[PDB]
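Visitor: Give the three-dimensional model of this entry:
(chains A and B)
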Protein chains: 2
Amino acid sequence: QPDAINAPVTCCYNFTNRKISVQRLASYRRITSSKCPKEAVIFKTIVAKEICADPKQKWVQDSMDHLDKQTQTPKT
Amino acid sequence: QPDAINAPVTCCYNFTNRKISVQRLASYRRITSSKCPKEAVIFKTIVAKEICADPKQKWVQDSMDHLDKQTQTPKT
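Guide: Numbering: from 1, shown residues only, chains lettered A, B, ... in the order given. Below, you will see the structure:
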């Protein structure tokens, strides 16, 4: 018993495999819908160029982390 | 010479083929990216349930029209 199967499933096709400077990365909305053939990272650059990036990369593990901590500034 | 090929291409897979009441349709953002395997209509219902609908249907031709004229009210 599905429910809302006619949904625009936001998915990707390629992945910015170039070390994109964390500066260009204005934000990151990791894609991962159950209907997408492949997961990805929506590195919303500064120009709003949502770039799907392979989360299994070694440069997205660092960048995606600063975005993972670029919202609220923790304290010590 | 491409440019931004690692983009999250918002596409669909199925299409609400049931005559969805124009009331449920809160808005419509017709999908049609050059990377999507199929065009569609993002009938943003009231619950924000973006429903990709076949623009080649006979009920989406009427609904999609009221959405096509549900923004500004023309005058005579």
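Visitor: ok so residue A:64 is a strand residue?
Guide: No - secondary structure of residue A:64 (DSSP: H, G, I helix; E, B strand; the rest coil): helix, not part of a strand.
Visitor: Please report how far it lies from chain B.
Guide: As judged by CB to the nearest CB, to the nearest Å, residue A:64 and chain B stand 14 Å apart. Quick note: C-beta positions are derived from backbone N, CA and C, even for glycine.
Visitor: pretty sure that residue contacts residue A:41?
Guide: Yes - between residue A:64 and residue A:41 there is a contact under CB atoms under 8 Å: 5.6 Å.
Visitor: which residues pair with the residue sitting nearest the centre point of chain A across the strands?
Guide: The centre of chain A sits closest to residue A:41, judged by CA atoms, centre = their mean, with a distance of 2.0 Å. Residue A:41 forms beta bridges with residue A:53, as assigned by DSSP bridges.
Visitor: List the residues that contact it.
Guide: A:28, A:29, A:30, A:31, A:51, A:52, A:53, A:54, A:55, A:60, A:64 (CB atoms under 8 Å, 6 or more residues apart in numbering or on different chains).
Visitor: ok now stretch A:2-16, how far from the chain's centre?
Guide: 14 Å (CA atoms, centre = their mean, to the nearest Å).
Visitor: Could you tell me which residues within it count as buried?
Guide: Using 16 or more other CB atoms under 10 Å in any protein chain shown as the burial criterion, the residues of stretch A:2-16 that qualify are A:6, A:7, A:8, A:9, A:10, A:11, A:12, A:13, A:14, A:15, A:16.
Visitor: Can I get the residues you listed in JSON lines including distance to residue B:76?
Guide: Listed next are the buried residues of stretch A:2-16 as JSON lines, based on distance: CB to CB, whole Å:
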{"residue": "A:6", "distance to residue B:76": "36"}
{"residue": "A:7", "distance to residue B:76": "38"}
{"residue": "A:8", "distance to residue B:76": "36"}
{"residue": "A:9", "distance to residue B:76": "42"}
{"residue": "A:10", "distance to residue B:76": "40"}
{"residue": "A:11", "distance to residue B:76": "44"}
{"residue": "A:12", "distance to residue B:76": "47"}
{"residue": "A:13", "distance to residue B:76": "47"}
{"residue": "A:14", "distance to residue B:76": "50"}
{"residue": "A:15", "distance to residue B:76": "52"}
{"residue": "A:16", "distance to residue B:76": "51"}
